[PDB]
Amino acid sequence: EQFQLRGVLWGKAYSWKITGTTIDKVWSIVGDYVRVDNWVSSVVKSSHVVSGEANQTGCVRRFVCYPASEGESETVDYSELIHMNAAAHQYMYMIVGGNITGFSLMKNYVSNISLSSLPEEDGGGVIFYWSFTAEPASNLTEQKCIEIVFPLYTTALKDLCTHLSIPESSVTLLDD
């Protein structure tokens, strides 16, 4: 009959329905964690594993982002895979270093990606779940976090369509 209080978190979860593809085609792009340059190509220039075994839990990827706007420099993200279940199409990662624009402002940014199949008997389709949390910090606000994260996720879903060779109309953000 005792408990230990802890601090609250910031964050938000998003889900999209994607038609016209399959979960394992989506996963071939989205699940190749250390090669995120092959996914979010509107943002990421290059990417490679720098610690551990590629796409195995505990590994760290380092990726380079194009300048956020002209005149700016390239920035770098280090992120650690902290959970991976490839057969269940889901994983979890955290930013552990770098100066990547916006994202490096957050304290303990953790993200979850989980792909699910809608029932074949209902016409199929893929649900793409993507969430983040961050720890509240004096130098930021939850609204700022969401302003940083959501445009990136939106860009990434667009880039996904490009790499799957399906129209952008294939993706629909679900009402929460």
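We number the residues from 1 along the sequence you see.
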Higher-scoring stretch by recorded Cα B factor average, 161-169 or 10-18
161-169
Per the PDB record, is the mean Cα temperature factor higher over 91-99 or over 68-76?
68-76
Out of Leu140, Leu118, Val60, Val30, highest CA B-factor residue
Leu118
Going by the CA temperature factor in the entry, name the top one among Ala134, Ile127, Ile148, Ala54.
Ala54
Chain-relative CA temperature factor third for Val49:
highest
Among the modelled residues of its chain, does the C-alpha B-factor of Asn108 lie in the lowest, middle or highest third?
middle
In terms of its chain's C-alpha B-factors, the third that includes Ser114 is the lowest
